[PDB]
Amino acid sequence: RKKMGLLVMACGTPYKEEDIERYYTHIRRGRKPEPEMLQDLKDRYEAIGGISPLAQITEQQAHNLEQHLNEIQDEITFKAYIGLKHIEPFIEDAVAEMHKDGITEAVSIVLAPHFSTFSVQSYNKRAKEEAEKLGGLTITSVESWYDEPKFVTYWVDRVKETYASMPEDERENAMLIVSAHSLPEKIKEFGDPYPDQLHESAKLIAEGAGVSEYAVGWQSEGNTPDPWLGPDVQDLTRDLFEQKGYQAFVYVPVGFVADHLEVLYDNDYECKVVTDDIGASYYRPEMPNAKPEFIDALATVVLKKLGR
C-alpha cells in the first residue's frame, strides 16, 4: 500500500484553563488579553462544561478519519497529523513531523467546509511553504467541501429531526438560521467565495430538509475597525422576529464542525439569550464532532480529492 500523510488542520483550542492567555494572545496577533477579558473567557469556558472535552474533538476527528480511510479502501495507508493555527502542534510542526517520519506525499483537509482567503487558504499556504522549505514532501490540499453530499445530508437529517421534534405551531412558525464564522468584509475585494459558499450550504441544507423559511447569518465577528460580514445571528434573530414573529429558531452553524466556544457559547448562550427574550424556542442540532456519518463524509472528500 502507498503511505500518505493525512494533514488534518483546524483552528486549535486551549488544552487547559492556563492555555487561554496564550491561545487568545495568538488569536489577537500578539496582544495579550487584559485581565478582565481573561477572567471572562475562563467563565465562558466553565459555563459550557469545560475546555478539555473541547480540545479532545479535533484529535478524535483526525484519528477516526485516519482509521476509516484505511478501512474503506485498500490502496493507501494514511497516517494522520494534526496541524493547528493558534496553538501547538502548529501547522509547521505537523509538516515537520511528516517530514521526519519519512512521509513524501500527503493530502490535507481543513476542518472547515467553506473556503476563505483568511482561513483555509492561509492554512494551505503555511503547510505547503513548510513542506517546500523542508523539501522532499508534497501536499495536495482540499480547499472546500461544503457541497459534499454526505456532509449536506448530515445537516439535512439533523434539521429534519429538529423540525419533526417541534410542536405543530412551532413547526409552522419556525425560522432556520444557517451561519458560519464572520470574516472582514474586505475579503470581497479578492473575490473570496466564502459568503457565496455559506449561502450555498444554506440553500442545500434547507432544500434537502424541506425547509422553505431560512436565513443566512454570521457569528463570532471580531472588533477590528473594518466592517465584518453580517448580519450577526443575534441581530438577524431579533430582526426576523420583529418582521414575522417566528416562534422557533433553528441554528445550523454549518461553518463549524465541532463543539467549541463559538457554538456552545455564541449560539447556545447568546442566541439563546435572544430567543428566550422574544419568547421563541431555541434549537441547535448536534455538531458533527467525530460521529461516524461525518467521518465518512470527510473520508469521501479526501478520496475524491485524490481521484480515487
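Numbering starts at 1 and follows the sequence shown.
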Mean C-alpha B-factor higher for 248-256, or for 279-287? 279-287
Would you tell me which stretch averages the higher CA B-factor in the PDB entry, 101-109 or 222-230? 222-230
Using the entry's values, work out which of 94, 120, 183, 177 has the largest Cα B factor. 183
Among 191, 149, 208, 136, highest Cα B-factor in the entry goes to 136
Third of the chain, ranked by Cα B-factor, where residue 70 sits: middle
Could you tell me which third, lowest, middle or highest, the C-alpha B-factor of residue 142 occupies within its chain? lowest
C-alpha B factor of residue 214, ranked within the chain: lowest, middle or highest third? middle
Tertile call for residue 238 (CA temperature factor, within chain, third-based) is the highest
Chain-relative C-alpha B factor for residue 77 (record values, thirds): the middle
